[PDB]
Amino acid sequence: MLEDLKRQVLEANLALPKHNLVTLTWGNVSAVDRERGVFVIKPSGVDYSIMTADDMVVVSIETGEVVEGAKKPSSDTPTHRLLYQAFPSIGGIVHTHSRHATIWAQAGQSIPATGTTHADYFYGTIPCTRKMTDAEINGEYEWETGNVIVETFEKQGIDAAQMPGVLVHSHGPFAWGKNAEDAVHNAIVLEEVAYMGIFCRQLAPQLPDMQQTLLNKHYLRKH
């Protein structure tokens, strides 16, 4: 019912292993169609090497119910849905356990902006959420994961439109963008600055965050 969207989401998902952001069947990408009040997401239980546009699943933003698709949607669907509802500006969402972004997530630390590479895509510190409560973990887990992300941005006054990424404590990264492709790009850059962030810290443990002026020059220039 949204063949082109399914194609985009299919290609985005296929891009995950190509850019070494994932292994086995981890990761998932989705793209939204606000007008139709629905979003397309990777299916659960399908290898990337067999995946076809038909395997993509269409889900209702409002009810989280599957509108079209023979396969079961990704188990992360609730988190995606919550995010689309909470952040109006986003059009695509990417979830992976890319090694270095995940390393920061497991360490429960935020990735500070120390380079223009980072400044070009994330306006400031890429936030890491607080740990989830037992109530949250044992309740509607995936949906609750989404709430913890939204809470992180709200309590810290950060605009989801200027920070297309977040690290979920002890879990991994979540990125988003204008569309499926854009989200994938932010996901790869997120992994990139996560990697460089580890070693530049090692070289300079007391390195201060980059100059606000430089951060502004780069982020505001684009966007």
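All residue numbers refer to positions in the sequence shown, first residue = 1.
- Looking at mean Cα B-factors across 155 to 163 and 185 to 193, the upper value is held by 155 to 163.
- Stretches compared: 32 to 40, 194 to 202. Higher mean C-alpha B-factor in the entry: 32 to 40.
- Within the listed group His97, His118, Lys71, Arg130, the record reports its top CA B-factor for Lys71.
- Of the candidates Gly139, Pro78, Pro88, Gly124, it is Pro88 whose Cα B-factor is highest according to the PDB record.
- In the deposited entry, the Cα temperature factor of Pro173 sits in the bottom third of values across the chain's modelled residues.
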